[PDB]
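Here is the naming used below: chain letters follow the sequence lines, and residue numbers restart at 1 for every chain.
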Amino acid sequence: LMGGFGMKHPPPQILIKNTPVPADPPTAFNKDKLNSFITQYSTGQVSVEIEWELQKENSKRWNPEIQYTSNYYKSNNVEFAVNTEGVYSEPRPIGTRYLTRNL
Amino acid sequence: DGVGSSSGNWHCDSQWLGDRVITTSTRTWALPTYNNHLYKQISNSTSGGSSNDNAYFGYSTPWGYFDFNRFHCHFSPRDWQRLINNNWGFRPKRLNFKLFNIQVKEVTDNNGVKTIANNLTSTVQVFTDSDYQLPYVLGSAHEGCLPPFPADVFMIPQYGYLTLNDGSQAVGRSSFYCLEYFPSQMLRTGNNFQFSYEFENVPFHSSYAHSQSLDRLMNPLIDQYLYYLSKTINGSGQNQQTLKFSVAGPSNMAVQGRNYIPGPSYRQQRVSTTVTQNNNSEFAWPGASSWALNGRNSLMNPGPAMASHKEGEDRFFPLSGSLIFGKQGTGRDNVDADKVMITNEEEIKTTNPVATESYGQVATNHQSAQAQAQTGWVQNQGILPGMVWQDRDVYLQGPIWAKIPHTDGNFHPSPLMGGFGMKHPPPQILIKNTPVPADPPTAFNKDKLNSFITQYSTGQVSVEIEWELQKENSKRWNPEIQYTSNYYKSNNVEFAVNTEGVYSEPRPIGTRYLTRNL
Amino acid sequence: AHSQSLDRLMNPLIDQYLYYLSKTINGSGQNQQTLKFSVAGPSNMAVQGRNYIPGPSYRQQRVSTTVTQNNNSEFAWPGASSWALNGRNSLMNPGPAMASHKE
C-alpha cells in the first residue's frame, strides 16, 4: 500500500554483530555469566549492486512529453547538491510517472 | 594460519533427520589464570572440616576444563519438546568438539587504572585425555557448564581432584598427577583445535511412561486356573480349622499369581512441602537414609529410581531421593522451598515401588497351634530374580552421562542421578594459558620464577553431538499427553529472556510423556 | 588398588548445581518449621549426590587379635554369620568381598 514491489521472499535480512570480548575474569570460578566486556565497535564498507530490468517507451505520440527537469533559474544552492556546511539535501520528492501511455 | 583470518565460523544449528538428530552449539568462553600457576594440595584442614565424614585431601591445578554434559547445553527448549513428544528413546552416537578464534589478553593494573592489551605471540595449551589416565571429574554434576542460552559468555571452571586420605593426612597410596606431564597442543591466535569421539553402545534412554501397571497385566474377563488359600478358619469358635481354596479371578485380584515383581527399594524419609504437616525437630541429617563407606556416612542422594509419591498425594517428597534444582538467581544457602525446583518422579509408579514406602512384608516366624502368624516390614529389598524396574528420568538441567568406575563388577551400571553410563565417556578437555614470566633478574638465581604477567584468553567452542532416535510406533487410539506451554497470559515468556536480559528456565522438563504398554 | 575412593569422585573446587534439604527447623521453640535448601559443595561433602554406591554387604562379627578387647564367652559358633540350606547351618566363610577393617 505504501509502494514498491511486494514479494513472498524478499531479499533476506543481513544481521551483523561484533562478538563480545570479555574483560579480565576473576581468579576464583563463579557460576554467573560475565557482565563485564570491552567497549568496542567495528567499521567497514558495504557494496550493494542490483540488476534492474527496463521496459522502454514505445510511444507513437506526436507532441512532446512532459519530463523531469531542474528549473534553470538562479539560486543560492544547487538542488540535490551539498550545502556550504557540507550537508546533502534533497529538495523535493520525485515521482516515477511522467511518460504517458494510452488507457 | 594468521592474525587477520578467522579460525572458524559460528555454527549453532540443529538438523532433524528421520532416525537421527545432529545438534550443533557454539559458545564464547573466557579462561582466567588459576592458582597463580601452582598445585596447592587442598585439604579439609585448610578451612574447617571438623567432621570426619567431610574429610578430604586432594590437589588444585591451574588447569581448567570444559563441562558440556548437562542437557540444556545441547538442546533448546523447542528442540527438547520436539524430541520428547515425538520419540520413545534416544542415545548419543558421535561427538565433535572445536576450539577456534582464540584471543589472549594482557592486563596491566597501575594506580588502580587498568589497560587490557592483546598478546599476539602468547599461547594457550589444550589437551584431551583419551586414555582416562586422570581423575574423571565430569560425571559428578558440578557447576561450570556451557550456558543454556547461546548469547551468554561463560568462565571455564578450575580443575582439581581428590585422592585417598586418613582424615586430612595423605595415605601412601595417594596419587599426584602433574597435568604438564601429558602431551598437549599449543595454540596461538590463528590456531584451532578439534577432535572427534564415538559413544560406545549404550541402551536407549526410555522416554515413555507405561499405559498399564505391573500388578495389572491380566485379562480382567477371565479366571486363573491356579488356586490360592482363601480360608484358613472353618468358622468362629474353638477347634475350627480348615484349608479352603479358591480360584484367583477378577473378583479378587492382588491375590493372583504373576510372573514378575517390582524393582528394588531403599526407603527414604517422607517430608511434606506443607510446613505444618512435617514434624517439629531437626530430622534432616539424623532421619536420613545413608550409606557408610570406611567409617564415613555418605548421605544417600538419588538412589534406586523409585516413585516419589503415591497416587494423588503430591504434598510430600522423599528427603534425599529426589533431584532439587534452583531457579534463576537462587541463593546459595538456606533457600526457601519456593525458590528451589523439586523434581517429580511419579511417572514410574507402574514398575517401581514408592520411595517412602516399604517394599512389602515378610513372615517373621513359623505359625503353630500356639504361635500366631507374625509378619515384619521389608524396608530395603536388594534384588530378586524376576524383578523389573526403570531408571531415573532425564531432564534439561540434568547430566547427560557419567563414567562407570573401573572395577571387578557392577550391577546395571546406569547412573543413579540419570543419563548414560559409559566405561569410556567422552574425554575431558583441559585447557591452560601458558605462563609468560615477568622480567627475570640479571644475576642468575636457582629459584623458580614466581612473577608472571596477568593474562587471560577467550575464544569459541563448537560442540556437536549426533543422536540416535527411536520413533513412536504406538497403535493407541485416544490422544497422548504432550508437553505444552500453557496459553494463559503472563508478564514474561517462559524459557525466554527477562527485561534485564536474564535467561531463566521456569520448570524442570522430564523426558517421559508418550506411553508404551508394560 | 584405587587411588581415589568411591565417595570422593568429585571436583573439590566446584559446587554442585543440585540442592539438598539443609534445615528442617526454623529455630528452637514451638511451631518453628521450614524447609531450607542449600547447594551441595566442598564445604559439606557426604551430602552431595553421586552416581554410584558401594557393593553389597553381609555383616560379620568383629573379633580383635588383642586378647583382652574380645568378650569373655564362646561367640565363635554362636555369634557367627551363617547361611542355612535345607535345615543345615553352613557357617559363612569368605562371603561378599568386603574391607576387613576400617581406617
Side-chain angles (χ1 to χ4, degrees), chain B residues 42 48 53-54 56 58 60 135 137 139-144 157-164 166 173-175 271 273 275-276 278 280-284 291 293-303 319-320 323-326 332-337 340 382 397 402 405 415-417 421, chain C residues 1-59 62 84 87 96-103:
Chain B
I42 48 188
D53 291 345
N54 291 336
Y56 64 95
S60 62
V137 164
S140 298
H142 277 41
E143 299 165 354
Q158 188 177 357
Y159 182 78
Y161 59 89
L162 296 176
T163 54
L164 269 62
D166 180 69
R173 292 189 182 90
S174 297
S175 63
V271 57
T273 60
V275 172
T276 60
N278 292 334
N280 186 337
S281 64
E282 181 67 12
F283 58 90
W291 54 268
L293 184 144
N294 193 342
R296 293 178 182 170
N297 291 338
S298 296
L299 173 283
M300 176 85 79
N301 253 168
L319 205 153
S320 63
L323 297 177
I324 310 300
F325 297 100
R332 180 178 179 81
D333 290 344
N334 289 339
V335 175
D336 289 343
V340 298
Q397 301 84 356
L416 295 178
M417 292 169 65
Chain C
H2 292 290
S3 63
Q4 53 181 14
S5 63
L6 186 144
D7 55 352
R8 308 288 185 266
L9 290 177
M10 66 195 83
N11 189 337
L13 299 170
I14 310 301
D15 295 341
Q16 285 190 332
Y17 59 85
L18 295 174
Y19 288 76
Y20 65 89
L21 180 63
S22 64
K23 186 187 293 179
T24 58
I25 191 71
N26 193 341
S28 64
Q30 295 296 100
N31 290 336
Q32 296 300 320
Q33 295 172 336
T34 190
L35 298 177
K36 302 297 185 181
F37 296 83
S38 297
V39 170
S43 62
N44 193 13
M45 299 179 175
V47 192
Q48 300 189 345
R50 52 183 64 84
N51 289 329
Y52 295 119
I53 52 174
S57 67
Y58 186 84
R59 186 200 283 263
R62 186 183 68 191
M98 293 181 286
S100 61
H101 60 278
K102 63 178 293 181
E103 60 186 343

Applying side-chain contact (heavy atoms from CB on, under 4.5 Å) to B:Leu162 and C:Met45, what does each step give before you reach the verdict? CA-CA 12 Å; B:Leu162 296 176; C:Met45 299 179 175; 3.9 Å; yes
Are any side-chain N or O atoms of C:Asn11 and backbone N or O atoms of B:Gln158, one a donor and one an acceptor, separated by less than 3.5 Å?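 Yes, because the side chain of C:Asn11 sits within donor-acceptor range (under 3.5 Å) of the backbone of B:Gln158.
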Measure [X] against the heavy atoms of chain C and call it side chain, backbone, both or neither at under 4.5 Å.
X        : value
B:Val275 : both
B:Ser281 : backbone
B:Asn54  : both
B:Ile42  : side chain

Option that, when pairs with chain B are counted at under 4.5 Å, heavy atom only, ranks first among C:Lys102, C:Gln33, C:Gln32, C:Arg50: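 Highest number of pairs under 4.5 Å: C:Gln33.
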Partner chain B: residue of C:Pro54, C:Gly49, C:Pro12 with the largest heavy-atom pair count (under 4.5 Å):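 Between C:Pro54, C:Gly49, C:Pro12, the count favours C:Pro12.
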Tell me, out of [options], who's got the most heavy-atom pairs with chain C below 4.5 Å.
options                                : result
B:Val137, B:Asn294, B:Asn334, B:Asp333 : B:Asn334
B:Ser140, B:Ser174, B:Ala402, B:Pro405 : B:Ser140
B:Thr276, B:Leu323, B:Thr273           : B:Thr276
B:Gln397, B:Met300, B:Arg173, B:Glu282 : B:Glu282
B:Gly58, B:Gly326, B:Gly382            : B:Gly326
B:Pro302, B:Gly144, B:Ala141           : B:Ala141

Rounded distance (nearest 0.5 Å) linking atom [atom1] of [X] with atom [atom2] of [Y]:
X        : Y        : atom1 : atom2 : value
C:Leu21  : B:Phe283 : CG    : CZ    : 6.5 Å
B:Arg296 : C:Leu6   : CZ    : CG    : 11.5 Å
B:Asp53  : B:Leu299 : CG    : CG    : 10.0 Å

Quick one: salt bridge (charged side-chain N to carboxylate O under 4.0 Å, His left out) partners of B:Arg332, sequence neighbours excluded?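 Salt bridge (charged side-chain N to carboxylate O under 4.0 Å, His left out) check on B:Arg332 returns C:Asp15.
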Yes or no on side-chain contact (heavy atoms from CB on, under 4.5 Å) for C:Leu18 and B:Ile324, after CA distance, side-chain angles and deciding distance? CA-CA 6 Å; C:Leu18 295 174; B:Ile324 310 300; over 6 Å; no
Counting only heavy atoms closer than 4.5 Å, note whether C:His101 contacts chain B via side chain, backbone, both or neither.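 C:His101 has no heavy atom closer than 4.5 Å to chain B.
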Chain B contact via C:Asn31 - side chain, backbone, both or neither, heavy atoms under 4.5 Å: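 C:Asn31 touches chain B through backbone heavy atoms alone.
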For residues C:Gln4 and B:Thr163, is any side-chain donor paired with an opposing acceptor at under 3.5 Å?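 Absent: no donor and acceptor within the cut-off.
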Apply side-chain contact (heavy atoms from CB on, under 4.5 Å) to C:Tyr20 and C:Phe37, showing your working. CA-CA 6 Å; C:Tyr20 65 89; C:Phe37 296 83; over 6 Å; no
